[PDB]
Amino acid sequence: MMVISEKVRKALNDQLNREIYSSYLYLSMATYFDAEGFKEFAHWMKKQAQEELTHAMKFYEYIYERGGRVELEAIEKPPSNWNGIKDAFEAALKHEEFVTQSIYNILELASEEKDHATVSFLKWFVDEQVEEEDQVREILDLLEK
């Protein structure tokens, strides 16, 4: 029996697929960095790509622990190229801000439905999102030289 709403399941399935695309996007940044010779920037991107896949599997597991099912969707082709380093890290920041808004939106939905388990789940992700935007913002400040 599923003890989440079909609309919170759908929302969480949508976020799982965003984390996979996030993963793919950061892998694509590594292909750029690696081609332009920045092997340490590529290495971070590959770490990030792995970590976004662990985010997606926590949603995967949560959905199944509450009796839902996961359906995987097509993943769009990510950009392969940026107009230099700053451009690449700004795209990353902009994508993380979009990811955060998307989780905040699910957090509003699950509150209106008084789903306390899902609320508790997403608060861990909010905190990680605040950390990840500030990591990228910090990179961007250091690049300003």
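Throughout, we count residues from 1 along the sequence that is shown.
- Mean CA B-factor, 14-22 versus 133-141: the higher value falls on 133-141.
- Stretch comparison (108-116 versus 86-94) by mean CA B-factor in the PDB entry places 108-116 on top.
- When the CA B factors of the chain's modelled residues are split into thirds, the value for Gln50 lands in the lowest one.
- In the PDB entry, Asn81 places in the highest third of its chain by CA B-factor.
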